[PDB]
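As a starting point, one isolated chain is supplied in structure tokens, in the form deposited without its partner chain.
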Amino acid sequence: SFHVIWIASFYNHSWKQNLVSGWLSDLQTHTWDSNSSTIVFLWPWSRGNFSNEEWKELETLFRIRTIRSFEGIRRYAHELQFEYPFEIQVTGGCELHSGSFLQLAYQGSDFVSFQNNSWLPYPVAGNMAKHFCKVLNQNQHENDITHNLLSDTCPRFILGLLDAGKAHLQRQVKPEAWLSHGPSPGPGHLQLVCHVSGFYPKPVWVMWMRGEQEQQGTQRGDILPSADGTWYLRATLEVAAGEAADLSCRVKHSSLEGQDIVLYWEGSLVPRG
């Protein structure tokens, strides 16, 4: 599962911003340098099976299509009813062992998408998206190249890369956990917070417990990224100030091999005497 995202911000006809990045599964592997027009490799295995000459062509292909896209947008902006400032987002990729996609958004809403061999407008995006597909489909040879980038070049990039860097995606990193008081509780209530930090991969199990009974009031937060490549999660439980006894947090993770982390609401947390 590899895909590439574009973030093109058009503040006016003379001011632009282009942010490009490539993602293996969920690990950013590439970045575009607007200056020098170069694909920046984030890891020694970002280039994969491909040689310097093939990357020079890939940089040139993305160089030509980017210059052609930004110029075509500003040429047809009035006809397309694109009112400054606006933002266009693109995401496209593939995966096998199969699927392929390429989607474009205008002002953060579905606008057009690529289907097999041409650009189809999203019907809700109206006439301006049909006008956009008229300009995107003006050259069928370019749509054939776009097809092969998705169906052929993209799965080939996974091969020489998802095998070379396969070890990192299967790395097992044990979590750490701790307990704390939460803010904003109801009157006469407490918010018990169980933090789980530094685990990999993403799937994780965490519940407040009363012995062996799972506490179904457990509110599991969003899994948040950490810049070291691991994940973070908060699980909160709101309890009446007296009923906070015998409570514990239990964490299950593939890296622990059944040896769950169990922390007890105890000590200065209660607090004891």
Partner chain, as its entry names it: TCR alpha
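Just so we're on the same page, rigid core means the largest C-alpha set that superposes within 1.5 Å between forms. Positions refer to the first chain, counted from 1.
Below: the form solved in complex with its partner chain, not depicted.
ask   = Since exactly one of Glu57, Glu243, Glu238, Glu214 fits, which has a heavy atom within 4.5 Å of its partner chain in the bound PDB entry?
value = Only one option qualifies, and that one is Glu57.
query = Though its partner chain is not shown, can you say which of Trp43, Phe50, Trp205, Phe70 has a heavy atom within 4.5 Å of it in the bound PDB entry?
reply = Comparing distances to its partner chain in the bound PDB entry, the residue within 4.5 Å is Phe50.
query = Can you check whether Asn148 is within 4.5 Å of its partner chain in the bound PDB entry, heavy atom basis?
reply = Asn148: contacts its partner chain in the bound PDB entry.
task = Please check if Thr153 has a heavy atom lying within 4.5 Å of any heavy atom of its partner chain in the bound PDB entry.
result = Taking the distances in the bound PDB entry, the answer for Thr153 is yes, it comes within 4.5 Å of its partner chain.
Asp144 within 4.5 Å of its partner chain in the bound PDB entry, heavy atoms = Because a heavy atom of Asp144 falls inside 4.5 Å of its partner chain in the bound PDB entry, the answer is yes.
Core-superposed comparison between the shown form and the other one: the option from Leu162, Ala105, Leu190, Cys154 whose CA moves 2 angstroms or more = Among the listed residues, the outlier is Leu190.
message = Would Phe41 count as moving between the shown form and the other one, using a Cα shift of 2 angstroms or more after superposing the core as the test?
response = No; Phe41 is a residue whose C-alpha shifts by less than 2 Å between the shown form and the other one when the cores are overlaid.
query = After a core superposition, would you say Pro203 shifts its C-alpha by at least 2 Å between the shown form and the other one?
reply = The answer is yes; the displacement is at least 2 Å.
ask   = Superposing on the rigid core, is the CA of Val90 displaced by 2 Å or more between the shown form and the other one?
value = No, shifts by less than 2 Å.
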